[PDB]
């Protein structure tokens, strides 16, 4: 099932910074860090990365459990911001939920933190 995810997308965003991709990722978990702002640990099957933040327009997907731990989604619009210390933050502006947490049922593979 790691072949269901865009393996290498996390490294690509962190290195090349390009936003012209529509990666398919698994949500590992979600945490409010504040009108709540949600921080997501995402997986591309190879790596995990927690510097993801959801646009607040998408908050209802979290609050109604459609975007939830182990669900699989496809990002359709995101922005990259690069911090003074070299860290890159991804803001998820638009996405599609492709498969519910309940339909996936497990964390896919054994991704390691980027």
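Numbering follows the first chain given and starts at 1.
Going from residue 34 to residue 35, you skip over 4 to 9 residues of the deposited sequence that the entry leaves unmodelled. For the pair 22-30 and 83-91, the mean Cα B-factor is higher in 83-91. The stretch with the higher mean CA B factor, choosing between 104-112 and 3-11, is 104-112. Among 59, 66, 74, 43, the highest C-alpha B-factor in the deposited entry belongs to 66.
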